[PDB]
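Have a look at query_2.txt; it's compact mmCIF, N, CA and C atoms:
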# COMPACT_ATOMS: atom_id res chain seq x y z
N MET A 1 180.75 59.19 93.29
CA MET A 1 179.43 59.31 92.67
C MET A 1 178.84 57.92 92.47
N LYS A 2 178.09 57.43 93.45
CA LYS A 2 177.43 56.13 93.40
C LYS A 2 176.04 56.33 93.98
N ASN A 3 175.06 56.15 93.11
CA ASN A 3 173.65 56.24 93.39
C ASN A 3 173.24 54.99 94.15
N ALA A 4 172.14 55.13 94.88
CA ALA A 4 171.51 54.14 95.74
C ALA A 4 171.38 52.80 95.04
N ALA A 5 170.86 52.82 93.82
CA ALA A 5 170.64 51.63 93.02
C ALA A 5 171.91 50.78 92.90
N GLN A 6 173.06 51.41 92.66
CA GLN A 6 174.31 50.67 92.55
C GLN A 6 174.71 50.10 93.91
N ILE A 7 174.50 50.86 94.99
CA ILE A 7 174.84 50.42 96.35
C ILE A 7 174.04 49.14 96.66
N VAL A 8 172.75 49.13 96.35
CA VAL A 8 171.90 47.97 96.58
C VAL A 8 172.38 46.81 95.70
N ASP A 9 172.73 47.05 94.43
CA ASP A 9 173.21 46.00 93.53
C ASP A 9 174.45 45.32 94.10
N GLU A 10 175.39 46.10 94.63
CA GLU A 10 176.62 45.61 95.24
C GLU A 10 176.32 44.73 96.45
N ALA A 11 175.35 45.14 97.27
CA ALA A 11 175.00 44.38 98.46
C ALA A 11 174.27 43.08 98.10
N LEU A 12 173.36 43.15 97.13
CA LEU A 12 172.56 42.03 96.65
C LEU A 12 173.47 40.87 96.26
N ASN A 13 174.61 41.18 95.67
CA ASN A 13 175.62 40.23 95.24
C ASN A 13 176.11 39.35 96.40
N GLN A 14 176.09 39.89 97.63
CA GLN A 14 176.52 39.21 98.85
C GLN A 14 175.33 38.58 99.60
N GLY A 15 174.14 38.61 99.01
CA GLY A 15 172.92 38.05 99.58
C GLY A 15 172.35 38.92 100.69
N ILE A 16 172.39 40.25 100.53
CA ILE A 16 171.87 41.21 101.49
C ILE A 16 171.13 42.28 100.69
N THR A 17 169.91 42.58 101.11
CA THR A 17 169.05 43.58 100.49
C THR A 17 168.93 44.77 101.41
N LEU A 18 168.66 45.95 100.84
CA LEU A 18 168.50 47.20 101.56
C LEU A 18 167.06 47.64 101.36
N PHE A 19 166.34 47.89 102.45
CA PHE A 19 164.95 48.35 102.42
C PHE A 19 164.76 49.46 103.47
N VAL A 20 163.56 50.04 103.55
CA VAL A 20 163.23 51.10 104.49
C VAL A 20 162.00 50.70 105.30
N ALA A 21 162.01 51.16 106.55
CA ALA A 21 160.99 51.00 107.56
C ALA A 21 161.33 52.03 108.63
N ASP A 22 160.32 52.52 109.33
CA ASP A 22 160.41 53.49 110.42
C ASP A 22 161.23 54.74 110.09
N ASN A 23 161.26 55.12 108.81
CA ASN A 23 161.98 56.26 108.26
C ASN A 23 163.50 56.12 108.40
N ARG A 24 163.99 54.89 108.51
CA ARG A 24 165.41 54.58 108.65
C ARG A 24 165.82 53.51 107.64
N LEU A 25 167.13 53.32 107.46
CA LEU A 25 167.70 52.34 106.54
C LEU A 25 167.73 50.98 107.23
N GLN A 26 167.28 49.92 106.57
CA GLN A 26 167.29 48.56 107.09
C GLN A 26 167.90 47.64 106.04
N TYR A 27 168.31 46.46 106.47
CA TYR A 27 168.93 45.45 105.64
C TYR A 27 168.31 44.10 105.96
N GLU A 28 168.20 43.25 104.94
CA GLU A 28 167.62 41.92 105.02
C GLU A 28 168.55 40.94 104.33
N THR A 29 169.19 40.04 105.07
CA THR A 29 170.12 39.06 104.51
C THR A 29 169.81 37.65 105.00
N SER A 30 170.45 36.66 104.39
CA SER A 30 170.32 35.25 104.71
C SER A 30 171.60 34.75 105.39
N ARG A 31 172.60 35.62 105.61
CA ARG A 31 173.85 35.26 106.27
C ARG A 31 173.57 35.01 107.75
N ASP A 32 174.48 34.37 108.47
CA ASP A 32 174.30 34.10 109.90
C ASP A 32 174.55 35.38 110.71
N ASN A 33 175.22 36.35 110.10
CA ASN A 33 175.60 37.65 110.61
C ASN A 33 176.03 38.51 109.43
N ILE A 34 175.91 39.82 109.55
CA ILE A 34 176.31 40.77 108.52
C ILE A 34 177.64 41.35 109.00
N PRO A 35 178.67 41.41 108.16
CA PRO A 35 179.95 41.95 108.57
C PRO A 35 179.82 43.45 108.85
N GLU A 36 180.65 43.95 109.74
CA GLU A 36 180.67 45.36 110.12
C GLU A 36 180.99 46.26 108.94
N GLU A 37 181.91 45.87 108.07
CA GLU A 37 182.28 46.66 106.89
C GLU A 37 181.05 46.94 106.03
N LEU A 38 180.17 45.95 105.84
CA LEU A 38 178.97 46.09 105.03
C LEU A 38 178.09 47.13 105.68
N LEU A 39 177.86 46.99 106.99
CA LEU A 39 177.04 47.94 107.72
C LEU A 39 177.64 49.32 107.58
N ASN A 40 178.94 49.47 107.81
CA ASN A 40 179.67 50.72 107.73
C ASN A 40 179.54 51.36 106.36
N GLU A 41 179.61 50.58 105.29
CA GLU A 41 179.50 51.07 103.92
C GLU A 41 178.07 51.56 103.68
N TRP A 42 177.08 50.78 104.09
CA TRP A 42 175.68 51.15 103.93
C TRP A 42 175.31 52.33 104.83
N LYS A 43 175.97 52.47 105.99
CA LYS A 43 175.77 53.56 106.93
C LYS A 43 176.31 54.84 106.33
N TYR A 44 177.36 54.77 105.51
CA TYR A 44 177.92 55.98 104.92
C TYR A 44 176.94 56.63 103.93
N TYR A 45 176.21 55.81 103.17
CA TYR A 45 175.24 56.22 102.16
C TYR A 45 173.79 55.92 102.57
N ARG A 46 173.47 55.75 103.86
CA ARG A 46 172.11 55.45 104.29
C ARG A 46 171.09 56.44 103.74
N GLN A 47 171.37 57.75 103.75
CA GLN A 47 170.42 58.74 103.27
C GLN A 47 170.26 58.64 101.76
N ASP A 48 171.34 58.28 101.05
CA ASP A 48 171.31 58.14 99.60
C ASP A 48 170.39 56.97 99.29
N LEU A 49 170.62 55.87 100.01
CA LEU A 49 169.88 54.63 99.92
C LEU A 49 168.42 54.95 100.18
N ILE A 50 168.07 55.35 101.41
CA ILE A 50 166.70 55.66 101.84
C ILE A 50 165.92 56.41 100.78
N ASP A 51 166.49 57.47 100.22
CA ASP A 51 165.84 58.28 99.21
C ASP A 51 165.19 57.44 98.12
N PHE A 52 165.91 56.44 97.61
CA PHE A 52 165.42 55.54 96.58
C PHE A 52 164.68 54.35 97.18
N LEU A 53 165.06 53.89 98.38
CA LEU A 53 164.46 52.73 99.05
C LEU A 53 162.98 52.94 99.32
N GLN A 54 162.61 54.16 99.67
CA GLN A 54 161.24 54.55 99.95
C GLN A 54 160.36 54.16 98.76
N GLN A 55 160.78 54.63 97.59
CA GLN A 55 160.15 54.43 96.28
C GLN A 55 160.15 52.96 95.88
N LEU A 56 161.23 52.24 96.20
CA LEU A 56 161.41 50.82 95.91
C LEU A 56 160.31 49.99 96.56
N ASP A 57 159.77 50.45 97.69
CA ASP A 57 158.71 49.78 98.43
C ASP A 57 157.31 50.28 98.07
N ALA A 58 157.23 51.49 97.49
CA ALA A 58 156.02 52.18 97.05
C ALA A 58 154.81 51.98 97.97
N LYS A 59 155.05 52.23 99.26
CA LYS A 59 154.11 52.14 100.36
C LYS A 59 153.19 53.37 100.43
N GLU A 60 152.41 53.45 101.51
CA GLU A 60 151.47 54.52 101.84
C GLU A 60 152.19 55.87 101.88
N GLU A 61 151.88 56.79 100.97
CA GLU A 61 152.50 58.10 100.93
C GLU A 61 151.51 59.16 100.46
N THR A 62 151.93 60.41 100.54
CA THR A 62 151.19 61.59 100.14
C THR A 62 151.23 61.64 98.61
N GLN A 63 150.26 61.01 97.96
CA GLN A 63 150.15 60.95 96.50
C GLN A 63 149.52 62.26 96.03

Have the structure of the file written as structure tokens, please.
Amino acid sequence: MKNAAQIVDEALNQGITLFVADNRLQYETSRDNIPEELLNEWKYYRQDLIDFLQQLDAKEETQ
């Protein structure tokens, strides 16, 4: 039981942010490369993430 917010907090600690674009999960980091484990972990909860990530960006939507 780990909500999107906690998943993003854990990633942020490593200098990597989770955002949404093109209706998919994306990541933004300052590292020279993102380790596979990080991707794999974020890939496991991508839909959990996206659900909250959409709102985190508060872009053009059906208001």

Considering only C-alpha atoms, state which residue in the set A:50, A:56, A:9, A:16 is at the smallest distance from residue 32 (chain A).
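Closest residue, counting only C-alpha atoms: A:16.
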
Please identify the strand (DSSP E) residues within region 4-43 of chain A (assignment by DSSP from backbone atoms) and present them as number ranges by chain.
A: 16-21, 24-29

Can you pull out the residues contacting region 46-49 of chain A? Cut-off 7 Å, using all atoms listed in the file, and skip same-chain residues under 2 positions away; I want them as number ranges by chain.
A: 3-5, 25, 41-44, 51-54

What does the distance between atom C of residue 33 (chain A) and atom N of residue 19 (chain A) come to in Å, to one decimal place?
15.2 Å

Separation of CA of residue 21 (chain A) from CA of residue 57 (chain A), in Å and rounded to one decimal
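Answer for the CA of residue 21 (chain A) to CA of residue 57 (chain A) separation: 9.5 Å.
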
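For the pair CA of residue 35 (chain A) and CA of residue 7 (chain A), the separation is 15.7 Å.
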
Neighbour list for residue 34 (chain A) as JSON, numbers by chain, cut-off 10 Å, only C-alpha atoms, skip fewer than 5 positions in-chain
{"A": [14, 15, 16, 27, 28, 29, 39]}

Quick one: DSSP alpha helix (DSSP H) residues in chain A, as a ChimeraX atom specification?
/A:4-12,36-44,46-57
